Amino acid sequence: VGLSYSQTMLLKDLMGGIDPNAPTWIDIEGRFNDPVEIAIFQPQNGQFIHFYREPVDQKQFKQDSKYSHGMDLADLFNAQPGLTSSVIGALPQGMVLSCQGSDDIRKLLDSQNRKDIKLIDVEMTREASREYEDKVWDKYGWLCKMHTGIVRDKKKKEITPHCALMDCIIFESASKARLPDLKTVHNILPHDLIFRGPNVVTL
């Protein structure tokens, strides 16, 4: 099951709040073929798209949880199915998205037949992200409270979890070399659309 007709109508309208030409960050958690958290962020206006997805492969999700995003499988079951394909399907034509690790984002977009969406790959030096990582989580951490489980670096060293949304803001900071301060930052997607509503008959 995916988005109902009405939910798709809603999404269509909300996506109008996206500037087709504005510089836009995109980041995902989970593999390209089985994402669990998607973030699309426009720093110029502070508008972003942040939502979740239930992973097919749960074994790989726990590994990625222990090694990367530290997300709980319990929080993702209530996620609205099909949302990932609808959002990417709803993106403006020929949009240029900035990202880190374009390889997987390219596959994700290609799987959705969005070969029109070009990608600017922007890689962050460890020290550049090291500097802004803490600062972004403090200011904007209230936006995502899904990364509760502890994450571990090599040698069993605890580190800060990776959030699709925080990643975007951190990437924006480090590439622009300054913490971006936008008075208003908000998710265009309502809670009603990010998470499952009541089960409905589909014919």
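Note that residue numbering begins at 1 and tracks the sequence as displayed.
The mean C-alpha temperature factor is higher for 72 to 80 when 72 to 80 and 112 to 120 are set side by side. Once the C-alpha B-factors are averaged per stretch, 40 to 48 and 155 to 163 rank with 155 to 163 first.
Note on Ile105, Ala128, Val96, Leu91: the highest value goes to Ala128, judged by CA B factor as recorded. Annotation for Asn199: C-alpha temperature factor in the highest third relative to the rest of the modelled chain, per the entry. Placement of the Cα temperature factor of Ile18 within the chain: middle third of the modelled residues, per the deposited record. Sort the chain's modelled residues by C-alpha temperature factor and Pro35 lands in the lowest third, per the entry. The deposited CA B-factor of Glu29 belongs to the lowest third of values across its chain.
For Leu193, the recorded CA B-factor ranks within the middle third of the chain. Only modelled residues enter the ranking.
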